[PDB]
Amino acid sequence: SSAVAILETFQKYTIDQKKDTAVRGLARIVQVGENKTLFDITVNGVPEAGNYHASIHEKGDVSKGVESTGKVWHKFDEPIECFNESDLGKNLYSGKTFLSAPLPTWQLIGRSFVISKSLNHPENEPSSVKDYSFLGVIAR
């Protein structure tokens, strides 16, 4: 059993001026046990280097980005380190990791996969937006 989440920004951020696509990462999801899923995560094109954090939120509603997705339903403890500079002109970064969760794929479908990091300079994209986030509905 497999699934995928295409991760896009929904918010507009001053620091993110890459306009050919809003896609900033991919989660490829494969069940690897009766009740265990593997998450193959890659990130690309994010403006700030740092440790990013993944969660799965309760709702598949991304109309308002993270703010419409409800609460955190599953949290991953392991960070995603994004320190590889992949765009020199724009100074954008990439990263990758494998994560796992003790959940079958069927319980994941239709929820939102979210990766986020606190903004280095929130005063310049204020004031209710604290985090840079990119997210996508999980689909079979």
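Counting begins at 1, following the sequence as shown.
Averaged over CA atoms, B-factors in the entry run higher in 27-35 than in the other of 27-35 and 43-51. Of the two segments examined, 104-112 and 76-84, it is 104-112 that shows the higher average Cα temperature factor in the deposited entry. The PDB entry assigns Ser68 a C-alpha temperature factor belonging to the highest third of its chain's modelled residues.
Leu7: CA B factor lies in the lowest third for its chain, per the PDB record.
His121 sits in the highest third of its chain by CA B factor, as recorded in the PDB entry.
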